[PDB]
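**Student:** Got an experimental structure here, sequence first:
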Amino acid sequence: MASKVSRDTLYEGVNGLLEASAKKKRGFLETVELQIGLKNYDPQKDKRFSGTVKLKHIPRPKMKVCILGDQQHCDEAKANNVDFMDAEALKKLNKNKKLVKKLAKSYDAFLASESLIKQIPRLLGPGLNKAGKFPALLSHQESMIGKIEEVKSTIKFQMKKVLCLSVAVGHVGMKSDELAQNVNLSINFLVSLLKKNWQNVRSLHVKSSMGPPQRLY
Amino acid sequence: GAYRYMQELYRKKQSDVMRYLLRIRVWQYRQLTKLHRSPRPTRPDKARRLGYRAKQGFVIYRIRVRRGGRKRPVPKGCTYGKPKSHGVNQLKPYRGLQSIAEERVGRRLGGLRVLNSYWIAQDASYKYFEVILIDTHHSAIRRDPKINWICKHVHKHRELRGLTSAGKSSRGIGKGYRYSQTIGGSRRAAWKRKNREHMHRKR
Amino acid sequence: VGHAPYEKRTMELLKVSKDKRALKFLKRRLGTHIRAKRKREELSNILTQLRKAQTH
Amino acid sequence: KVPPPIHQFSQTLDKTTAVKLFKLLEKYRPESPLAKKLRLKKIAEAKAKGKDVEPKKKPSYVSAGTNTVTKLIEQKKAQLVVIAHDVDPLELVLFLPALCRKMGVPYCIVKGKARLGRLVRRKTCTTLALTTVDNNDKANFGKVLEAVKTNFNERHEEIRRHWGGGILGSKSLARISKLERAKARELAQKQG
Amino acid sequence: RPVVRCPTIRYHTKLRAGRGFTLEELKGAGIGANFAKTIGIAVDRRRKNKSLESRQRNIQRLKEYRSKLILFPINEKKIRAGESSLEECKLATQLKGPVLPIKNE
RNA sequence: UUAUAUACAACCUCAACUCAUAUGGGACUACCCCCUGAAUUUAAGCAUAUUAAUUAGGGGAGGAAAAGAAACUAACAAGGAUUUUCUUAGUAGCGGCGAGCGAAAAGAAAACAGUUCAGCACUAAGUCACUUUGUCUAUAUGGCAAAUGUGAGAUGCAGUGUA
RNA sequence: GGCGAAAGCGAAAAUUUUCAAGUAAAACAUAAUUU
RNA sequence: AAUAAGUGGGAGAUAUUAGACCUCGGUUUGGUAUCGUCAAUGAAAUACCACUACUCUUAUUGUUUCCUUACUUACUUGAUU
């Protein structure tokens, strides 16, 4: 039931990582939808698998971020081209539409100020529990230094309660030698989000937005 | 050499090869007489390691030993006296079955000294062994300053006095703490000396 | 010479089938909690010694 | 049900080839008794004053017996292993094929352990060896190794996976054959 | 008979009576490990010398004696003595004195 | 060469011999080695305990035997085969925790002695036993050769080497 | 042949290659034979 | 759009076509496309694309206080010179 590029059974060794670039059989860019099957990791409890995987080479996820600024968010962030707004987009982000070819849940990762948290689950929350894109308080959302990294592939991922995962982490159109230092350091940053981990899962999964799921030891 | 290999190969006894080679070797060594001369050692690597050589005359015998704990031979009619002594059917010898093998050889062949033995096969009513003997008057063993020591008189019948390898087992001799009682030499000579009343001349 | 039937019946417990009960079986057989510990690593090794060498 | 480390014995190198092997091996009979003396009695008298090392011309003959040979395989020095199959008990020889199949050296299993003893002039010898690569018999040497490589060595890696065995015979055999020689004559009339 | 340092906390000092001389102390003292036995140094090769200073304590014991240990020659040409043949014992000592003391504490 | 149709040659396993040469079975008993093993008694009764891991034992040796060259002690500033005596000590412990039992390390002394195998490599069976012919002398279950005379011996004897 | 730690054995053994008692009898283990 | 497994990524994919280039499919570009990411707006924003696994499903060489019938080579007794 497996394809030619997305290896299912074969626990491939350390020298066959170079074929991870061969998932680009399409021409349009695809978002790598990561997934894994977790044993003894219940997401209904307080273990909410949400973090940030800061990786050295940026595969550029197409991420728009609205930055709520009150004299602390956009003062230093001109080195990374912040939007420079005074948190007035939240007045129109819910209960109405902005313009043509635009939704009201219009981001991938939201970063919020510290002093205007009260309106995030109350007027914005009913538009986000219906969206699932809710900004947490631990997804590197402070904009003291966390804006140079935000366009530098800051992936905020929320958890599904049906034990499936699909979140954009990047693309596979580039060479796997760039992914030789990327996948070797991301999986060290994914297991830090796990608890009491030595080996609770037998094998890993990775998958693009138009490709079959690869698996690798 | 080969001898290290057949060492390691005899060890894997529960396997499929060595469970047949000991299955055939039982229903060869059961249709014969309980005391019986084999020409050659069965296991020639554990004929080595135990003091056998291939010169005339190192003699070998196969014995069968009836295998189980010792029923006190009491006349149907009681071990009389106190209930502490009333036990008949769970008594176990202080001697082995291997030592009981070497005995029934060495009793019977009065003019050949015993060196060791080894297990060769067993089945369920008869554990059975392979004893190494040495004539001590053949010249090829009297000339031999590596094997010559068993020719002395102080080894006459050297396991009816407990002194082979599988005789020294059942005594209990060793060192130190765990083998403390008995450290007088043997085992009975400890209670002689523990109990010794020293009636010194100058009290 | 091949395997042994307490190991050949605990390799089958060790394919997927809860190698705690493998350890509770070797310590029942071998039986000492380091001999059972040091036997479980061997049959873990052999089951992954057939991982591709015994494809064909 | 004799387990498939046996049969390796007694699949034992059919005698179209084995007679050619003993024709080879006769030149590698180990050492003459008298000529051992005749080699060393003339060293002792005549080559006492000569003191030569060069004209020795070490005759390259068989090595005999397992502990010689099992050394000679793990040192990769033997070009041909002959092991008999009449060994008592077995473990003097039993591991020796699965050495030569692992070390790669071509081994043959030849009927007769007394037949091996006759050319080395002892009673029984159970295993020979061949280190000899002299060109006077190298032509026969190649094809006689090309026999044993497919007979044994390239056959060994599917020797082990095969033992049927436990053949009944003859009374218990032909009775159950006589079950089918009559009960099929009930199947000849019912389906007829 | 080498040692000091009897084992336990009672006798830190009063000797177990020295069986050994433990081959490093021979090798550390100019002999002749097999040779020491032929003099009478009692070489017994079961002790696994655990101190520098216990090794020195017996090395200097193995230098005190072997500096007073007179040597008979074999064939009385005596090319490497190291002591003498005019300190042959009749001339020098001939004593066979009785105790070989331990310098005792 | 084996329908059980003959022979040959091996080998293995096994026989037989008023075969040539050898051992074996004493009996002693004080000590010694291995077994096997009560009850009288004591507990103010008695059943575990105690007698006693002993009488009776009961087979096997020597001038001594057994032991014996650490799968040991110890926790230190470390000791170093075994055996025996002194002390530890009637102590730790065992015990119807009753009656009662009961050791060792360390210290002190007597005496002190170390070692050999098996097994990778050690890379020409280098090996033994008789057998007859000399020689060597002796009541040599010898030595030196010899035939290399059988035989043993690669299913391994020898040298080197040993935790 | 067996058994027993041995000594030894409430042994009408019941199995111990010829486990025979054997015959002036031929070849290529004498012949039907005796437990 | 229902009936999005679900729920999130996503803020378009994929396909087609001729053109570009290649020996060629194809991908891309744009046209078009069942929906959909968007809108339609709510409980999941359904497209695109899933690891998972059961309701279970066919099938695979599973040990089993399994069990039942047979087999002979172990073992057992009986019979004969």
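**Tutor:** Received, thanks. Residues are numbered from 1 along each chain as shown, chains lettered A, B, ... in the order given.

**Student:** rest of the way, CA atoms for contacts and neighbours
**Tutor:** Fine.

**Student:** Show the contacting residues for the residue nearest the centre of chain C.
**Tutor:** Residue closest to the mean C-alpha point of chain C, counted by C-alpha atoms, centre = their mean, is residue C:43 at 3.5 Å. Neighbouring residues of residue C:43 by C-alpha atoms under 8 Å, 6 or more residues apart in numbering or on different chains: C:7, C:11, C:14.

**Student:** Quickly note the distance from the first one to RNA strand H.
**Tutor:** By that I understand residue C:7. As for residue C:7, its distance to RNA strand H is 12 Å (criterion: C-alpha to the nearest atom of the strand, to the nearest Å).

**Student:** where's the nearest residue to that residue once chain neighbours are set aside relative to RNA strand F, distance?
**Tutor:** Excluding its sequence neighbours, the residue lying closest to residue C:7 (C-alpha to C-alpha, 6 or more residues apart in numbering or on different chains) is residue C:43, at 7.6 Å. According to C-alpha to the nearest atom of the strand, residue C:43 and RNA strand F sit 24 Å apart.

**Student:** how about the strands in chain C?
**Tutor:** In chain C, no strands are defined using DSSP state E.

**Student:** mind checking the longest helix of it?
**Tutor:** Ranked by residue count, the top helix of chain C under DSSP state H comes out as helix C:35-47.

**Student:** Only alpha carbons, please: show it as CSV.
**Tutor:** Below are the C-alpha coordinates for helix C:35-47, written out as CSV (Å, rounded to 0.1, in the frame of the first residue of the first chain):
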residue,chain,number,x,y,z
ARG,C,35,20.8,-13.9,33.8
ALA,C,36,17.3,-13.1,32.6
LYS,C,37,18.4,-9.6,32.0
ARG,C,38,21.4,-10.6,30.1
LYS,C,39,19.5,-13.2,28.1
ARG,C,40,16.8,-10.7,27.0
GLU,C,41,19.5,-8.6,25.3
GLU,C,42,20.7,-11.5,23.2
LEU,C,43,17.3,-12.4,21.9
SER,C,44,16.6,-8.8,21.4
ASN,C,45,19.7,-8.7,19.3
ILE,C,46,19.0,-11.8,17.2
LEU,C,47,15.4,-10.6,16.4
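
**Student:** and the residue of chain E nearest chain D?
**Tutor:** Relative to chain D, the nearest point of chain E is residue E:75 (34.0 Å; C-alpha to the nearest C-alpha).

**Student:** In three-state terms, label that residue for me.
**Tutor:** coil (DSSP: H, G, I helix; E, B strand; the rest coil).

**Student:** ok, it to RNA strand F distance?
**Tutor:** Noted for residue E:75: a distance of 25 Å to RNA strand F, by C-alpha to the nearest atom of the strand.

**Student:** Same question for residue B:151.
**Tutor:** 10 Å.

**Student:** now the helices: where do they sit in the chain?
**Tutor:** You didn't say which chain, so I picked chain A. Using DSSP H, helices in chain A cover A:178-190.

**Student:** you looked at the wrong chain, it should be chain E
**Tutor:** E:24-27, E:33-39, E:52-59, E:61-64.

**Student:** closest one to residue C:50 among those?
**Tutor:** helix E:24-27 (51.3 Å; C-alpha to C-alpha).

**Student:** In chain D, mark out all the helices, start to finish.
**Tutor:** For chain D, helices defined by DSSP H occupy the ranges D:15-25, D:33-50, D:66-74, D:96-103, D:114-119, D:138-148, D:154-156, D:171-190.

**Student:** Now the fifth one - C-alpha only, PDB.
**Tutor:** The C-alpha atoms that make up helix D:114-119 are tabulated as PDB, following Å, rounded to 0.1, in the frame of the first residue of the first chain:
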ATOM      1  CA  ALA D 114      39.200 -46.100   7.600                       C
ATOM      2  CA  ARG D 115      39.800 -45.100   4.000                       C
ATOM      3  CA  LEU D 116      41.300 -41.900   5.200                       C
ATOM      4  CA  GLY D 117      43.500 -43.800   7.700                       C
ATOM      5  CA  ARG D 118      44.900 -46.100   5.000                       C
ATOM      6  CA  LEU D 119      46.700 -43.400   3.100                       C
END
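
**Student:** Can you confirm whether that helix lies near RNA strand F?
**Tutor:** Yes: Helix D:114-119 reaches RNA strand F (C-alpha under 7 Å from any atom of the strand) through D:114-115, D:117-118.

**Student:** Return the member of those residues nearest to chain C.
**Tutor:** Scanning the residues of helix D:114-119 next to RNA strand F for proximity to chain C, where the rule is C-alpha to the nearest C-alpha, the winner is residue D:114, at 27.1 Å.

**Student:** Am I right that the closest one is in contact with residue D:121?
**Tutor:** No: contact criterion C-alpha atoms under 8 Å: residue D:114 and residue D:121 do not qualify, at 10.0 Å.

**Student:** Could you give me the buried positions within stretch C:16-27?
**Tutor:** C:19, C:22-23, C:25-27 (16 or more other C-alpha atoms under 10 Å in any protein chain shown).

**Student:** show me which of those residues neighbour chain D.
**Tutor:** Filtering these for proximity to chain D by C-alpha under 8 Å from any C-alpha of the partner chain leaves nothing.

**Student:** Out of these, the closest to residue E:33 would be?
**Tutor:** residue C:27 (49.4 Å).

**Student:** Any figure for the gap between the closest one and chain D?
**Tutor:** Using C-alpha to the nearest C-alpha, to the nearest Å, one gets 29 Å for the distance from residue C:27 to chain D.

**Student:** show me what contacts the residue nearest to that residue when sequence neighbours are not counted?
**Tutor:** Computed as C-alpha to C-alpha, 6+ apart, the closest residue to residue C:27 that is not its neighbour in sequence is residue C:36, at 5.0 Å. Contacts here follow C-alpha under 8 Å, 6+ apart; on that basis residue C:36 touches C:23, C:26-27, C:30.

**Student:** OK, contacts around the spatially closest residue to residue E:1 that is not a sequence neighbour?
**Tutor:** Taking C-alpha to C-alpha, 6+ apart, and ignoring the residues beside it in sequence, residue E:1 has residue E:18 as its nearest neighbour in space, at 4.6 Å. With contact set as C-alpha under 8 Å, 6+ apart, residue E:18 has these partners: E:1-4.

**Student:** give me that answer again for 10 Å
**Tutor:** Counting by C-alpha atoms under 10 Å, 6 or more residues apart in numbering or on different chains, residue E:18 touches E:1-6, E:42, E:44, E:102.

**Student:** Just among these, which is most surrounded?
**Tutor:** Per-residue neighbour counts (other C-alpha atoms under 10 Å in any protein chain shown) across those peak at residue E:2, which has 23 neighbours.

**Student:** Enumerate every residue touching that one.
**Tutor:** E:15-22, E:25, E:41-43, E:54-55, E:57-59, E:61-62, E:102.

**Student:** what's the neighbour count on whatever residue of chain E ends up closest to chain B?
**Tutor:** Minimum separation of chain E from chain B (C-alpha to the nearest C-alpha) falls at residue E:46, amounting to 16.6 Å. For residue E:46, the count of nearby residues is 11 (other C-alpha under 10 Å).

**Student:** Might one say that it is in contact with residue E:22?
**Tutor:** Yes: taking C-alpha atoms under 10 Å as the definition, residue E:46 is a contact partner of residue E:22 at 6.6 Å.

**Student:** any shared contact partners between these two?
**Tutor:** Counting by C-alpha under 10 Å, 6+ apart, nothing touches both residue E:46 and residue E:22.

**Student:** Kindly report the residues of chain A close to chain C.
**Tutor:** By C-alpha under 10 Å from any C-alpha of the partner chain, the residues of chain A that approach chain C are A:10-11.

**Student:** Weed out the non-buried ones from the residues of helix D:114-119 next to RNA strand F.
**Tutor:** D:115, D:117.

**Student:** May I see the residues of helix D:114-119 next to RNA strand F arranged in TSV, with distance to RNA strand H as well?
**Tutor:** Shown next, in TSV, are these (distance: C-alpha to the nearest atom of the strand, whole Å):
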residue	distance to RNA strand H
D:114	29
D:115	31
D:117	33
D:118	35
